[PDB]
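S.K.: Protein chains in written order, with our numbering: chain B, 2 to 97; chain G, 787 to 1057; chain F, 29 to 324; chain U, 29 to 324.
Where is the CB? At the ideal position from N, CA and C, for every residue including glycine.
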Amino acid sequence: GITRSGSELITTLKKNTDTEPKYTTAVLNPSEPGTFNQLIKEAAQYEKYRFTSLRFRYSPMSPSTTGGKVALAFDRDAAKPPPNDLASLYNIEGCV
Amino acid sequence: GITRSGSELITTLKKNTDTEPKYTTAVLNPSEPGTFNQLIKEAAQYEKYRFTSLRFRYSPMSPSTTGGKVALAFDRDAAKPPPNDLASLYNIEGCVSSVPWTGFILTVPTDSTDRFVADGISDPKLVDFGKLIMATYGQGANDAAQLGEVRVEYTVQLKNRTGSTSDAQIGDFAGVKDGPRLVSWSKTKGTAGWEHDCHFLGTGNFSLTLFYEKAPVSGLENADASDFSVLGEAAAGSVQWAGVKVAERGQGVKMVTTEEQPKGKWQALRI
Amino acid sequence: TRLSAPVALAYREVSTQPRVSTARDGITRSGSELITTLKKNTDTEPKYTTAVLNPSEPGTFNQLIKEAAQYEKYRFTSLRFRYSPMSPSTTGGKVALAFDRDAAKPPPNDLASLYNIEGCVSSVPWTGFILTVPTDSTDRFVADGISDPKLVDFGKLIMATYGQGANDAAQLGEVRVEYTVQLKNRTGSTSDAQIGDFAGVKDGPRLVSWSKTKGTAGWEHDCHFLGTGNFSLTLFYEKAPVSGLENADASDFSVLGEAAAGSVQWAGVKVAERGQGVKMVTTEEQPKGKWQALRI
Amino acid sequence: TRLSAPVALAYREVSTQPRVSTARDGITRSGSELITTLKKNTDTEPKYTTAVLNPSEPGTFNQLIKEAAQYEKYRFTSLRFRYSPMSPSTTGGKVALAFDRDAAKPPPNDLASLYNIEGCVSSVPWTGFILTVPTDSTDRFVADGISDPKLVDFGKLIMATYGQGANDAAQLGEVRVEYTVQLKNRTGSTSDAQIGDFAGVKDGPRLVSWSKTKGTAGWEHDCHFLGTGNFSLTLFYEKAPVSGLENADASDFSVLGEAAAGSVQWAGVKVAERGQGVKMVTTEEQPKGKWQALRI
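Here you go:
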């Protein structure tokens, strides 16, 4: 048994001129290179996990004169394709 | 902060058929590849530690008809060289010895001070918690090849946190080296020319990649490694990729250039 | 009735903690040390290995030597030797421990005489036994130079092995002292580095024992080391010798120096078994010079 | 009211008995030692004499060094220095004792700074005073080689004298330690003979401190001896030096050897006051060789 806490960096979002959302997903498993860059090394030594706590912080980097929007949502199914319209995106529980 | 108890295999002691006892040491630091094979990965991401509980175990592997003895002592000064005579070893505090065919334990009292995870260039008296001394002596020619295995059952408290240290030890021929201390090079002039040979401080399957700016005298060659297989091509401006299996510390490979400090680059990994 | 025989016996040895204390006249130190490991002897007659019982004796004591350098007299209030087997139960021969109260008399020459010594115990190599020697109430001077061993030394332990087969364990066991000494008086701390010339002068702990032997090339002086460990030996020749320092039967001998008039050598000898040493050759019996043994 | 002034004060000093005892982790040794005797200084500015507080320091401790050679860590549970006057009441000037918790910082340069040190006591040369230094609960490694003094040394005592007249007592007093150390851990007895090359390597008790200084003839290496007593110094030159060993400011210096490639010298230096030493000259900065200091 072991309990660890961390704060990784998933990715940096990019501008999208088109008014339709452009999605970029990130599967949430400890042994996922796309999501975790440091937890993978210690997850390779274990074969089970349980996320006691979990949060996703968006830290702005753009000037104050940039429009558009940025949305973070959590889909409890890791195989479902990302939604195809804004309404479906906002229907996801907890989307902010 | 993170507490990580566990148990790991340091090495397996081997027959000492000669008369002088043989001493093998393993510095007790979480970043030492000689003693740790799994806690090193976790300690790469932390820059402080404290051994809440430490203890060593000897598991027999030899027949019941094996002579000689094996000893296990802990020295709190990681800088001191290994003892020179058996009496001094047996004078160390808490030194436990027994016949090879029976197992024993050695509990190490631990203090409540924090030390920086080793970087390889700092004073051992400042970073390391101590070292372990394993002695084997008094074995005849009819004894088994292997006597037993030494293991460490610990409980460490890694503190703070930082950027993960590189898993591969990149370096440069006769120059700078970065990453975990997996290998160490040495040079000795010879008939053909300057001979550069590396020694693997850890035990396991490695992967050594090399790059020659100028054509060397000879390519990678087994020196005393258990297994070996090169898949490159020695030549000017080429790279040689090799896989070396190490059973005991100090085994490695070699090369020849005839030019001291040749221009190139090497990479070591524990696959 | 029935009495079984194991394949082997395992003794667990843990380094205990010395018990030091202060008395009216001095201190009373108790502890345990390791003398040596007995080796196989595939011959009927015994082969001996001696260890003089006296604090400040590097061969016998390793830690009590330092604590006895600050004191002048001693009295072994209780000492006792123990044997730990490390050989299977299929090893023949025997192991004998005896305590000779005269520290100069050479070990006996035949097995019959070895058993006449009072208190001589013995047993099979694969079992442990203890030899406890009665002590007395006489104070003796800690060894400091060339003096009669009858006057300073308390005694001498004798360890013998014999009767082992050809295909037997290389080493049979190891002896271990268990003393309780009474150090008395006090003095300025004394250095530990035997120093003396070739005319029979010695000043310090007994680390070396020279021995002349006439030869065709010249008188050969053999520097036998009583202990086992790493030593250094500086020599100063007043007259040019036949040869410098050479490795006689020791292990890992290295010398930095030259042989000539007024020259000085410096040999880092290393000893794996008590008795090994180096040698030198000169044309002059009892040559003029100096030497200095140290435990480095 | 009235307060008389004697012609002189007599302190009776009797060598007490060290109190050794055994604890769970090690031993607890109490005792008293003599550091040095202060000398007259007929100048307004101070003249300093330092003594590093650490067991296995030959300059400071004479008997605790031997008892600390068997142990690895220490903790001064209680230490305190005392001053015994041996000068009449007609001597001017002053005597100052201070304890610098940093063992590498050089002694101050002016009297004003000397009095800013915490705990700095002082008095007239003809009366006795005690400086008691608060201790802590941190274990430190007994000195074993070249290491940062911040990490191993507990501190450094500083003794200063100044303001004495021309026709005053030659020596004013003498300092005396009174410690209670807690030695812990344990290890095979370590030899007492500093050994190291000229590249900055040292292994053993701090008996010597080399110091380069560029000169017209070549780089001069001065072998300053931190203690006071009889020493021996073996040197090995790999390359022929400009000159061998010469007496710089010590007393009774004698050397048996020659200066040349591969040659070895052997100097029995004698020191009457801490800091005296010998010297040698070479044309190569950081020369290749070895040296070995010993207390013989």
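#1: Closer than 9 Å by beta-carbon distance: list the chain G residues that pair up with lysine 42 (chain B), in chain order.
#2: Determine contact between the region 215-233 of chain U and the region 287-294 of chain U, defined as no fewer than three beta-carbon pairs at a distance below 8 Å.
#3: Name the chain G residues that come within less than 7 Å of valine 42 (chain F), Cβ to Cβ?
#4: Which runs of the beta strand (DSSP E) at least 3 residues long sit entirely within the region 99-131 of chain U? Give them in chain order.
#5: Could you name the residues of chain F that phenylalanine 890 (chain G) contacts, counting a contact when the two beta carbons are closer than 8 Å?
#6: Taking a cut of 7 Å between CB atoms, which residues from the region 787-812 of chain G lie near chain B?
#7: For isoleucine 186 (chain F), decide whether its Cβ has a neighbour in chain U, counting only Cβ atoms nearer than 9 Å.
#8: Taking the alpha carbon of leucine 918 (chain G) as the point to measure from, which residue in G:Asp929, G:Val938, G:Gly906, G:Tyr832 has its own alpha carbon closest?
#9: Establish whether the CB of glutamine 943 (chain G) and some CB of chain B are separated by less than 9 Å.
#10: For chain U, is any of its Cβ atoms less than 9 Å away from the one on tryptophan 154 (chain F)?
#11: By Cβ distance below 7 Å, which residues in the same chain neighbour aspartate 128 (chain F) in space, the five residues on each side in sequence not counted?
#12: To which residues of the same chain is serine 165 (chain U) closer than 8 Å at the C-beta, ignoring the five residues directly before and after it?
#13: What runs of the beta strand (DSSP E), each 3 residues or longer, lie entirely inside the region 243-269 of chain F?
#14: How about the region 94-110 of chain U and the region 157-171 of chain U: do they share at least three Cβ pairs that are nearer than 8 Å?
#15: Does the region 206-219 of chain U come close enough to the region 135-145 of chain U to have 3 or more Cβ pairs within less than 8 Å?
#16: Closer than 9 Å, CB to CB, is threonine 189 (chain F) near chain G or not?
#17: What are the partner residues of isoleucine 788 (chain G), as DSSP defines its beta bridges?
#18: Between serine 874 (chain G) and chain U, is any beta-carbon pair separated by less than 9 Å?
#19: Report yes or no: is there a C-beta of chain G within less than 9 Å of the C-beta of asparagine 38 (chain B)?
#20: Is there a Cβ of chain G sitting closer than 9 Å to that of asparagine 213 (chain U), yes or no?
#21: Measuring alpha carbon to alpha carbon, tell me which residue in F:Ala268, F:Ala245, F:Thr29, F:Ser115 is nearest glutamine 925 (chain G).
#22: So, for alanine 132 (chain U): in the same chain, excluding its five sequence neighbours on each side, which residues have a beta-carbon less than 7 Å away from its beta-carbon?
#23: With distances taken between CB atoms, is the gap from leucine 200 (chain U) to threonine 119 (chain U) smaller than 9 Å?
#24: Report back the beta-carbon spacing between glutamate 301 (chain F) and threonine 256 (chain F) to the nearest angstrom; my notes put them in contact at under 8 Å.
#25: Whose C-beta lies closer than 6 Å to the C-beta of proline 1048 (chain G) among residues of the same chain, with five residues either side of it excluded?
#26: In angstroms, rounded to a whole number, what distance separates the CA positions of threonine 244 (chain F) and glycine 317 (chain F)?
#27: Quick one: list the residues of chain G neighbouring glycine 303 (chain F), beta-carbon separation under 7 Å, in chain order.
#28: Can you give me the start and stop residues for the beta strand (DSSP E) that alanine 1054 (chain G) sits inside?
#29: Would you mind telling me which residues of chain G sit closer than 7 Å to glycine 257 (chain F), beta carbon to beta carbon, in chain order?
#30: Closer than 9 Å, CB to CB, is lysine 101 (chain U) near chain G or not?
#31: Assuming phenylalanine 169 (chain F) contacts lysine 101 (chain F) (C-beta within less than 8 Å), just tell me the rounded distance between them.
#32: Put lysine 15 (chain B) into one of helix, strand or coil per three-state DSSP.
#33: Just reading off the alpha helix (DSSP H) that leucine 875 (chain G) is part of, what are its end residues?
#34: What residue does the alpha helix (DSSP H) around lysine 298 (chain F) start on, and which one ends it?
#35: Is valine 229 (chain F) helix, strand or coil by DSSP?
#36: Using CA atoms only, rank isn't needed, just tell me which of G:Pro816, G:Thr803, G:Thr789, G:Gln943 is closest to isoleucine 796 (chain G).
M.R.: Looking at the atomic coordinates:
#1: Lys827, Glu828, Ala830, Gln831, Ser950, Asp953
#2: no
#3: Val882
#4: 104-113, 122-128
#5: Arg40
#6: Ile788, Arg790
#7: no
#8: G:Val938
#9: no
#10: no
#11: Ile145, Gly183, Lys184, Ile186
#12: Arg103
#13: 247-253, 260-265
#14: yes
#15: no
#16: no
#17: G:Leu944
#18: yes
#19: yes
#20: yes
#21: F:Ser115
#22: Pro177, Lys178
#23: yes
#24: 6 Å
#25: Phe959
#26: 22 Å
#27: Near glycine 303 (chain F) there are no residues of chain G at all, since even the closest Cβ is about 13 Å away, more than 7 Å.
#28: 1050-1055
#29: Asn870, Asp871
#30: yes
#31: 6 Å
#32: coil
#33: 872-876
#34: First-last for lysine 298 (chain F): undefined, no H or E at that position.
#35: coil
#36: G:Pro816
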